[PDB]
């Protein structure tokens, strides 16, 4: 539980509300109990020419990783435990994606209890929809109603 500087969070929040992205998605997984897995993500996009800025962020945050894919580099953070602790400090300074942050945190806290009953799993899948709704959902496929069709078995 590394604590982050307030002035660091303020700048970062402004950068996140601009080029950052708080994603929460459902992926097919035939090896899990409900044939679907959850994926919470903290993304910060920037062009590869300025990938160094993303590298500096891996150190300041501590955990996380930067990937390249063409003329664009991406800082990711999918690891649950540090993600919850990170957003919990970042959230009060967001002005655009603040709603997405509180939703992701709520999912993370209700993550173990959502592996027991299918209805509790569907409820979380609903919370996932409430995040893509706020975002610019363009290429989203697997939703909560997708699970419902498969869950009926």
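Numbering follows the first chain given and starts at 1.
Remark: stretch with higher mean C-alpha B factor among 131-139 and 8-16 is 131-139.
Annotation for 112-120 versus 60-68: the higher mean temperature factor (C-alpha) is found in 112-120. Across 102, 46, 30, 41, the entry's maximum B-factor at the CA atom is seen for 30. The deposited CA B-factor of residue 125 belongs to the highest third of values across its chain. When the modelled residues of the chain are ordered by C-alpha B-factor, residue 50 sits in the middle third.
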